[PDB]
Amino acid sequence: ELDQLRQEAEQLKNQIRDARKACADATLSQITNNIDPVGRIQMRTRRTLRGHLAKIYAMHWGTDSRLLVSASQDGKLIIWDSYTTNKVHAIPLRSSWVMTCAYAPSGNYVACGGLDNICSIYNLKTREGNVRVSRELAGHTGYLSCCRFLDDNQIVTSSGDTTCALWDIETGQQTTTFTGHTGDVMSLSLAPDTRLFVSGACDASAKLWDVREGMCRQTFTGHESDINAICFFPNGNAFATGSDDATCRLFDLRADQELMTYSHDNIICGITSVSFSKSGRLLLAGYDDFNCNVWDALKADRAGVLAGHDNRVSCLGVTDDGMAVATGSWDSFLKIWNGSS
Amino acid sequence: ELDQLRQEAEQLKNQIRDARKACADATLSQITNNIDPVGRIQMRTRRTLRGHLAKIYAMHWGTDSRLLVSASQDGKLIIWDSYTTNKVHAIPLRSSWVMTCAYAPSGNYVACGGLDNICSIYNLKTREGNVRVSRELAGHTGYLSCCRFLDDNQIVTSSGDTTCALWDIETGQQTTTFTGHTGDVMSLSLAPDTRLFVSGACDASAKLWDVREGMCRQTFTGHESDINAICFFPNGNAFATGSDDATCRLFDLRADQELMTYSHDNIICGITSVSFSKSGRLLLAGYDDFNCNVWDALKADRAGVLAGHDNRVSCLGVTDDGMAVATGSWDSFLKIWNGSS
Amino acid sequence: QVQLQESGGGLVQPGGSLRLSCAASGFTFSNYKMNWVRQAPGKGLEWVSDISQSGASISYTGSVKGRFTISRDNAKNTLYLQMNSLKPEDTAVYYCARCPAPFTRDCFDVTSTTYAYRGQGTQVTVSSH
Amino acid sequence: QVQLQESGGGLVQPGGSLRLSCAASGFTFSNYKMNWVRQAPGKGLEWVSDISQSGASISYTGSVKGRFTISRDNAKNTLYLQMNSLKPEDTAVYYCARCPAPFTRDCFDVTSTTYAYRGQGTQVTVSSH
């Protein structure tokens, strides 16, 4: 019984591999030879945000690219103003251990989660000005790893039990459950149209899930170790993935296979956060070796390096307009980098 | 390696059985048909000895058939005078649990033992009249089951670890060790000439040991359950054994096999003690069903029944001259039975 | 001489069936209570099942109830253990043991290292191949 | 895709010799530390042995030290476990495991129920016949 199913599964993997090989018309690097190189990029720290007691684990940018949300292990959730550096809110978290935080597109609500396995969402529309726990979600057995906002009522949540959930804020119950992973889901990214989202887990694989039907569409297996960071391409037809093996890989949904791999012999440390620019030409990946590297998504060349953190860069975010990049490390500091002419 | 040795042992065992069958010229019962039956024997309780607190476990007669030694589980070792009922000594034993007691042929020393695994010997020659522990022996791991006196300096001891020892009183160390049993040795009997002694164990077998050489000579396997009692024939060329299977069997050293079995359908209880008479014609075996039975050693007929005990007859002894028989039970009473004309 | 011989055993695929035979000689089989004992690799002896003199009373340990069937035959002087739904954890050496005393409900040291009233035993290995 | 295939095993007489082969594909064998894990019947997973990237460091469990030998061939991308003087209690299902991260000395959850970087394994049965 088991043998006949395992052999059939292996035959299916072989067929999928053959299909992938058949459609491999050429290589992305080969067709990008006749492209002017991006060249050296110099970015200078414009704003430095300090005040967090413990290490910063995650952060999220705002829709207007003005307010950002940061979470630290001390139990503080601080909303920063990137322009004037002013602090707008400082929410004392019920659980000190927080691993992720999300900013709603409307900015009215802010989500978070951590080892408590509880996704706490706070409402900023209160007239009194006192922030409060608008809603609490408890349906995940594993540690809370990531969460993204779909709208004012729907949120996509990732946990460490190899399950992703789609919660409804008003009812406080899971609407759709995604169970197709064999390892802890680390992070997920939302498509520009908020139709499909891909998730990276500890099984060295990335799965594409549809919000409505709730069934996985495509599975990508090109990494050698745990996948830590995932982000969508600006056009939504591709996504870049980072792992512990010191390698970033770009996957194309239409091609159903990896397009190019960004790896360096000198680099041997892991990758924590990755994100694209507005145009998608640049790929800013935060590395474990106390600094971040800006790669060229087309030429696989190190466009620039950002070394301004005393510890590993835990999170990295890019504004919607791409004006600046905010990097949070374990040194309790948030650095905002902007290009100069 | 194990198979080639086990098969050889089985082949040897077959050879012994064939040798036993070859020499089986006839049956003892067949040749005793032309013998006048013993007839009914009526024995009356002449002396009743009381004063022990707990159950009597063992007793031994003296050489002169005047003084007897009794041991009780309460920790007392009382020397009784069979004629006038007077008590001569009452030894407070260090260990309450006592399973055997011995009376030296000279009468100067008395031995005892029990669950403590210590064989305590007391000297009655003290001029002050105050008894004391003359010697203590500690070389047995199992419970002390039986012990018999060879002389004032040599004692044969049986323990519950399938080991029999020959201690030297003056030195207090084992002189010879007998290790050929696979079960707990319950009791042993001394030959009249003190050259060979037989031991019965829980492996449903009886072994003959040589005191000087220290090596087993013959092994008898005719019982079905644990052997509890064993006694020599007056002439020394045979011995009778009692077991839990409610059967007594007579074994002949020269014939190397059992001669005749004393069993009754109505009797289903175990056997605790057995002893021969002066002439050996009678077999007085103390049964578990609250009474003792006197069997005919040549006709396998119940000569008489002694029912004067409130509990199981733990021990039974016969004088050297055969005038009377003393039986000890768990009712704390010692009954002396003598025949009447 | 009381001797017990065990027959049957060997390699058995999990979920299969097997039969164990215990031939007794040297005593009255009907009168004595019977027992079965097993010893797993690296573990001690553990009691498996028991059957009374007439077979009117039978018992089983929790790990085997409903899987094994114990029966005795007085006329043929043999004891049986029917095994089915075998699992890989049941591999062990099975011993045919006799309660030491007759006409008795108890038997104390059947599961003892140096018991002198048990057979050599046989090896049973539930291994898939 | 990361996959590990185990070869060798089956029925072996006690005191004999055996060889276990672990073929690894889908990653750099040299850069990842390797491990051997066994699961006895009715018991949980237990760590057997480990070998470093270059093989200069090797360790063993107390129940196995001096009995098994572990070696790795980077050129052939294979891992070996040479077993001799086997005992009946050594029967178990052997898994070939890999440390989750490269260029690291620590392996946290190798001996875990839902480890996703270990092979299917092979069955080894040390039973005499």
# chains A, B, ... in the order shown; residues from 1 in each chain; ligands from 1
>>> closest_atom_pairs(of="chain C", to="chain D", cutoff="8 Å", atoms="only C-alpha atoms", output="tab-separated table")
residue	atom	partner	partner_atom	distance
C:10	CA	D:129	CA	7.2
C:41	CA	D:89	CA	5.1
C:42	CA	D:89	CA	5.5
C:88	CA	D:41	CA	6.5
C:89	CA	D:41	CA	5.3
C:125	CA	D:127	CA	7.2
C:127	CA	D:125	CA	7.2
C:129	CA	D:10	CA	7.1
>>> write_last_selection(atoms="C-alpha atoms", output="JSON list (two decimals), in the first residue's frame")
[["chain", "number", "residue", "atom", "x", "y", "z"],
["C", 10, "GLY", "CA", 10.87, -17.95, 13.61],
["C", 41, "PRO", "CA", 15.47, -8.17, 23.67],
["C", 42, "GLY", "CA", 17.28, -6.29, 26.44],
["C", 88, "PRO", "CA", 6.96, -5.58, 15.33],
["C", 89, "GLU", "CA", 7.24, -4.90, 19.08],
["C", 125, "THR", "CA", 10.72, -12.22, 15.44],
["C", 127, "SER", "CA", 10.18, -8.29, 11.27],
["C", 129, "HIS", "CA", 11.13, -7.96, 4.89]]
>>> residues_around(residues="residue B:196", least_positions_apart="2", cutoff="7 Å", atoms="only C-alpha atoms", output="number ranges by chain")
B: 190-191, 194, 198, 208-211
>>> write_last_selection(atoms="C-alpha atoms", output="short mmCIF file (atom, residue, chain, number, x, y, z; two decimals), in the first residue's frame")
data_model
loop_
_atom_site.label_atom_id
_atom_site.label_comp_id
_atom_site.auth_asym_id
_atom_site.auth_seq_id
_atom_site.Cartn_x
_atom_site.Cartn_y
_atom_site.Cartn_z
CA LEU B 190 23.29 -37.28 57.87
CA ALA B 191 24.31 -40.89 57.34
CA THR B 194 28.89 -39.50 58.91
CA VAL B 198 21.90 -36.28 51.10
CA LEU B 208 24.32 -37.28 47.48
CA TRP B 209 27.44 -35.40 48.59
CA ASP B 210 30.76 -36.67 49.94
CA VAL B 211 31.90 -34.76 53.01
#
>>> closest_residue(among="B:178, B:276, B:290, B:232", to="residue B:217", atoms="only C-alpha atoms")
B:178
>>> closest_residue(among="A:163, A:73, A:17, A:119", to="chain D", atoms="only C-alpha atoms")
A:17
>>> residues_around(residues="residue D:48", least_positions_apart="4", cutoff="6 Å", atoms="only C-alpha atoms", output="MDAnalysis selection string")
chainID D and resid 36:37 61
>>> residues_around(residues="residue B:294", least_positions_apart="4", cutoff="12 Å", atoms="only C-alpha atoms", output="VMD selection string")
chain B and resid 38 to 43 248 262 273 to 277 280 to 287 299 to 307 316 325 337
>>> write_last_selection(atoms="N, CA and C atoms", output="mmCIF file, in the first residue's frame")
data_model
loop_
_atom_site.group_PDB
_atom_site.id
_atom_site.type_symbol
_atom_site.label_atom_id
_atom_site.label_comp_id
_atom_site.auth_asym_id
_atom_site.auth_seq_id
_atom_site.Cartn_x
_atom_site.Cartn_y
_atom_site.Cartn_z
ATOM 1 N N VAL B 38 1.851 -54.811 58.745
ATOM 2 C CA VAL B 38 2.157 -54.195 60.034
ATOM 3 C C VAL B 38 0.899 -54.097 60.886
ATOM 4 N N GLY B 39 -0.215 -53.693 60.280
ATOM 5 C CA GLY B 39 -1.460 -53.541 61.002
ATOM 6 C C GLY B 39 -1.640 -52.146 61.560
ATOM 7 N N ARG B 40 -2.811 -51.935 62.155
ATOM 8 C CA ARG B 40 -3.147 -50.629 62.703
ATOM 9 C C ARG B 40 -2.264 -50.321 63.905
ATOM 10 N N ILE B 41 -1.749 -49.095 63.955
ATOM 11 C CA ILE B 41 -0.912 -48.622 65.050
ATOM 12 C C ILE B 41 -1.622 -47.454 65.716
ATOM 13 N N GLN B 42 -1.814 -47.550 67.028
ATOM 14 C CA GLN B 42 -2.456 -46.507 67.815
ATOM 15 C C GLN B 42 -1.409 -45.860 68.712
ATOM 16 N N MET B 43 -1.173 -44.567 68.505
ATOM 17 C CA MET B 43 -0.211 -43.802 69.283
ATOM 18 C C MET B 43 -0.945 -42.703 70.035
ATOM 19 N N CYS B 248 5.416 -39.493 49.063
ATOM 20 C CA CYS B 248 6.728 -39.829 49.591
ATOM 21 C C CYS B 248 7.349 -40.930 48.741
ATOM 22 N N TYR B 262 4.940 -43.727 48.172
ATOM 23 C CA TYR B 262 3.805 -43.745 49.090
ATOM 24 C C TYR B 262 2.901 -42.563 48.760
ATOM 25 N N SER B 273 7.740 -32.859 56.940
ATOM 26 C CA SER B 273 8.813 -33.597 57.587
ATOM 27 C C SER B 273 8.565 -35.091 57.453
ATOM 28 N N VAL B 274 9.651 -35.852 57.332
ATOM 29 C CA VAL B 274 9.604 -37.306 57.260
ATOM 30 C C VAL B 274 10.786 -37.866 58.036
ATOM 31 N N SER B 275 10.570 -39.014 58.674
ATOM 32 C CA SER B 275 11.628 -39.666 59.432
ATOM 33 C C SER B 275 11.325 -41.152 59.532
ATOM 34 N N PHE B 276 12.384 -41.946 59.646
ATOM 35 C CA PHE B 276 12.265 -43.388 59.792
ATOM 36 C C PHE B 276 12.228 -43.775 61.269
ATOM 37 N N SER B 277 11.813 -45.013 61.524
ATOM 38 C CA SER B 277 11.838 -45.576 62.862
ATOM 39 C C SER B 277 13.194 -46.232 63.114
ATOM 40 N N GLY B 280 13.322 -48.996 60.790
ATOM 41 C CA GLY B 280 13.081 -48.539 59.439
ATOM 42 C C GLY B 280 11.820 -49.072 58.797
ATOM 43 N N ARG B 281 11.073 -49.940 59.484
ATOM 44 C CA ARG B 281 9.854 -50.489 58.899
ATOM 45 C C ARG B 281 8.806 -49.403 58.683
ATOM 46 N N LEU B 282 8.683 -48.476 59.625
ATOM 47 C CA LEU B 282 7.671 -47.432 59.573
ATOM 48 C C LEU B 282 8.252 -46.144 59.004
ATOM 49 N N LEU B 283 7.391 -45.370 58.346
ATOM 50 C CA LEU B 283 7.738 -44.051 57.824
ATOM 51 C C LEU B 283 6.746 -43.044 58.384
ATOM 52 N N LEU B 284 7.204 -42.214 59.317
ATOM 53 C CA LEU B 284 6.364 -41.190 59.929
ATOM 54 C C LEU B 284 6.599 -39.877 59.193
ATOM 55 N N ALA B 285 5.644 -39.493 58.351
ATOM 56 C CA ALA B 285 5.736 -38.284 57.544
ATOM 57 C C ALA B 285 4.678 -37.295 58.010
ATOM 58 N N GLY B 286 5.113 -36.097 58.390
ATOM 59 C CA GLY B 286 4.193 -35.057 58.807
ATOM 60 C C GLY B 286 3.585 -34.332 57.626
ATOM 61 N N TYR B 287 2.273 -34.445 57.460
ATOM 62 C CA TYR B 287 1.587 -33.865 56.316
ATOM 63 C C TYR B 287 1.080 -32.463 56.636
ATOM 64 N N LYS B 299 5.090 -52.020 52.450
ATOM 65 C CA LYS B 299 3.790 -52.309 51.861
ATOM 66 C C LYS B 299 3.067 -51.074 51.344
ATOM 67 N N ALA B 300 3.585 -49.873 51.601
ATOM 68 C CA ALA B 300 2.940 -48.637 51.160
ATOM 69 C C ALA B 300 1.495 -48.567 51.644
ATOM 70 N N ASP B 301 1.284 -48.944 52.903
ATOM 71 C CA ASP B 301 -0.028 -48.912 53.531
ATOM 72 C C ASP B 301 0.019 -47.997 54.745
ATOM 73 N N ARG B 302 -1.037 -47.208 54.925
ATOM 74 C CA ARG B 302 -1.105 -46.253 56.028
ATOM 75 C C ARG B 302 -1.267 -47.025 57.331
ATOM 76 N N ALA B 303 -0.158 -47.214 58.048
ATOM 77 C CA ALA B 303 -0.205 -47.968 59.296
ATOM 78 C C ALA B 303 -1.047 -47.252 60.344
ATOM 79 N N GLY B 304 -0.930 -45.930 60.428
ATOM 80 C CA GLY B 304 -1.679 -45.172 61.413
ATOM 81 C C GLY B 304 -1.676 -43.700 61.076
ATOM 82 N N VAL B 305 -2.528 -42.964 61.786
ATOM 83 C CA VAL B 305 -2.688 -41.528 61.597
ATOM 84 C C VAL B 305 -2.625 -40.849 62.957
ATOM 85 N N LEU B 306 -1.806 -39.803 63.054
ATOM 86 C CA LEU B 306 -1.661 -39.008 64.271
ATOM 87 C C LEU B 306 -2.266 -37.634 64.000
ATOM 88 N N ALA B 307 -3.434 -37.373 64.582
ATOM 89 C CA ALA B 307 -4.155 -36.114 64.402
ATOM 90 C C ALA B 307 -4.368 -35.488 65.776
ATOM 91 N N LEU B 316 9.097 -33.040 62.646
ATOM 92 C CA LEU B 316 8.862 -34.341 63.253
ATOM 93 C C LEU B 316 10.210 -34.995 63.514
ATOM 94 N N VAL B 325 7.989 -40.367 69.575
ATOM 95 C CA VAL B 325 8.081 -39.478 68.423
ATOM 96 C C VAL B 325 7.535 -38.118 68.830
ATOM 97 N N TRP B 337 4.404 -38.613 71.029
ATOM 98 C CA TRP B 337 3.549 -39.772 70.816
ATOM 99 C C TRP B 337 4.343 -41.046 71.069
#
>>> closest_atom_pairs(of="chain B", to="chain C", cutoff="7 Å", atoms="only C-alpha atoms", output="tab-separated table")
residue	atom	partner	partner_atom	distance
B:203	CA	C:116	CA	6.2
B:221	CA	C:1	CA	5.8
B:222	CA	C:1	CA	6.5
B:224	CA	C:27	CA	5.9
B:225	CA	C:101	CA	6.6
B:244	CA	C:101	CA	7.0
B:245	CA	C:102	CA	6.8
>>> select_by_dssp(residues="stretch 12-88 of chain A", states="strand (DSSP E)", output="ChimeraX atom specification")
/A:43-50,56-61,67-72,76-81,87-88
>>> write_last_selection(atoms="N, CA and C atoms", output="mmCIF file, in the first residue's frame")
data_model
loop_
_atom_site.group_PDB
_atom_site.id
_atom_site.type_symbol
_atom_site.label_atom_id
_atom_site.label_comp_id
_atom_site.auth_asym_id
_atom_site.auth_seq_id
_atom_site.Cartn_x
_atom_site.Cartn_y
_atom_site.Cartn_z
ATOM 1 N N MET A 43 24.505 54.319 -0.240
ATOM 2 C CA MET A 43 23.359 54.723 0.562
ATOM 3 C C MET A 43 23.852 55.179 1.926
ATOM 4 N N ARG A 44 23.357 56.327 2.378
ATOM 5 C CA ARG A 44 23.771 56.926 3.636
ATOM 6 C C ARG A 44 22.615 56.912 4.626
ATOM 7 N N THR A 45 22.920 56.568 5.875
ATOM 8 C CA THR A 45 21.910 56.531 6.926
ATOM 9 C C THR A 45 21.381 57.939 7.162
ATOM 10 N N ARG A 46 20.113 58.164 6.819
ATOM 11 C CA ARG A 46 19.501 59.478 6.982
ATOM 12 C C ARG A 46 18.883 59.659 8.362
ATOM 13 N N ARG A 47 18.179 58.646 8.862
ATOM 14 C CA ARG A 47 17.523 58.708 10.159
ATOM 15 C C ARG A 47 17.923 57.498 10.987
ATOM 16 N N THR A 48 18.186 57.730 12.270
ATOM 17 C CA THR A 48 18.487 56.671 13.224
ATOM 18 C C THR A 48 17.454 56.726 14.339
ATOM 19 N N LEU A 49 16.746 55.619 14.542
ATOM 20 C CA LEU A 49 15.698 55.523 15.550
ATOM 21 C C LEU A 49 16.206 54.672 16.705
ATOM 22 N N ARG A 50 16.148 55.224 17.914
ATOM 23 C CA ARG A 50 16.600 54.540 19.118
ATOM 24 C C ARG A 50 15.554 54.712 20.206
ATOM 25 N N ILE A 56 15.325 44.335 18.100
ATOM 26 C CA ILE A 56 14.209 44.485 17.173
ATOM 27 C C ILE A 56 14.115 43.227 16.321
ATOM 28 N N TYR A 57 12.920 42.640 16.257
ATOM 29 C CA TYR A 57 12.710 41.399 15.520
ATOM 30 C C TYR A 57 12.028 41.609 14.176
ATOM 31 N N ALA A 58 11.079 42.538 14.085
ATOM 32 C CA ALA A 58 10.363 42.762 12.840
ATOM 33 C C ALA A 58 9.864 44.198 12.787
ATOM 34 N N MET A 59 9.582 44.654 11.569
ATOM 35 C CA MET A 59 9.019 45.977 11.347
ATOM 36 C C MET A 59 8.243 45.960 10.040
ATOM 37 N N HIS A 60 7.343 46.930 9.892
ATOM 38 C CA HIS A 60 6.531 47.053 8.690
ATOM 39 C C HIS A 60 6.339 48.521 8.349
ATOM 40 N N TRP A 61 6.358 48.824 7.055
ATOM 41 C CA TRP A 61 6.169 50.185 6.588
ATOM 42 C C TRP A 61 4.683 50.503 6.442
ATOM 43 N N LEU A 67 4.634 56.568 8.467
ATOM 44 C CA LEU A 67 4.673 55.903 9.761
ATOM 45 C C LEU A 67 5.074 54.446 9.578
ATOM 46 N N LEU A 68 5.960 53.972 10.450
ATOM 47 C CA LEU A 68 6.392 52.584 10.456
ATOM 48 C C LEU A 68 6.192 52.006 11.850
ATOM 49 N N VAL A 69 6.027 50.688 11.902
ATOM 50 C CA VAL A 69 5.768 49.967 13.142
ATOM 51 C C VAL A 69 6.936 49.028 13.399
ATOM 52 N N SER A 70 7.435 49.033 14.633
ATOM 53 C CA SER A 70 8.551 48.191 15.036
ATOM 54 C C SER A 70 8.183 47.431 16.301
ATOM 55 N N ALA A 71 8.650 46.189 16.392
ATOM 56 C CA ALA A 71 8.415 45.335 17.548
ATOM 57 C C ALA A 71 9.754 44.877 18.106
ATOM 58 N N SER A 72 9.879 44.900 19.430
ATOM 59 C CA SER A 72 11.096 44.496 20.114
ATOM 60 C C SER A 72 10.761 43.471 21.188
ATOM 61 N N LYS A 76 7.632 45.974 23.689
ATOM 62 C CA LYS A 76 7.227 47.295 23.237
ATOM 63 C C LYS A 76 6.954 47.273 21.740
ATOM 64 N N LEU A 77 5.887 47.956 21.334
ATOM 65 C CA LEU A 77 5.517 48.108 19.930
ATOM 66 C C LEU A 77 5.426 49.600 19.641
ATOM 67 N N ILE A 78 6.469 50.147 19.023
ATOM 68 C CA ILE A 78 6.628 51.587 18.846
ATOM 69 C C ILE A 78 6.326 51.940 17.397
ATOM 70 N N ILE A 79 5.514 52.973 17.203
ATOM 71 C CA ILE A 79 5.235 53.529 15.884
ATOM 72 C C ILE A 79 6.107 54.765 15.712
ATOM 73 N N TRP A 80 6.970 54.748 14.701
ATOM 74 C CA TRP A 80 7.929 55.815 14.465
ATOM 75 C C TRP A 80 7.494 56.678 13.289
ATOM 76 N N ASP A 81 7.858 57.955 13.351
ATOM 77 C CA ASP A 81 7.698 58.877 12.235
ATOM 78 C C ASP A 81 9.051 59.034 11.553
ATOM 79 N N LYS A 87 8.097 59.798 17.899
ATOM 80 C CA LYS A 87 7.384 58.571 18.227
ATOM 81 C C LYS A 87 5.911 58.886 18.448
ATOM 82 N N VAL A 88 5.041 58.164 17.747
ATOM 83 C CA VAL A 88 3.607 58.424 17.825
ATOM 84 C C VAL A 88 2.940 57.556 18.885
#
>>> atom_distance(atom1="atom CA of residue A:188", atom2="atom CA of residue A:146")
6.9 Å
>>> atom_distance(atom1="atom CA of residue C:32", atom2="atom CA of residue C:78")
12.0 Å
>>> residues_around(residues="residue A:205", least_positions_apart="3", cutoff="8 Å", atoms="only C-alpha atoms", output="NGL selection string")
:A and (200-202 or 219-223 or 227)
>>> write_last_selection(atoms="C-alpha atoms", output="compact mmCIF listing (two decimals), in the first residue's frame")
# COMPACT_ATOMS: atom_id res chain seq x y z
CA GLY A 200 8.41 29.90 2.82
CA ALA A 201 8.96 27.20 5.43
CA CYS A 202 11.74 25.15 7.04
CA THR A 219 5.49 24.27 -5.01
CA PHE A 220 9.10 25.39 -5.50
CA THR A 221 12.04 23.32 -4.20
CA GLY A 222 15.40 24.86 -5.04
CA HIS A 223 16.93 25.70 -1.67
CA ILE A 227 13.96 29.51 4.09
>>> closest_residue(among="B:268, B:238, B:35, B:54", to="residue B:330", atoms="only C-alpha atoms")
B:54
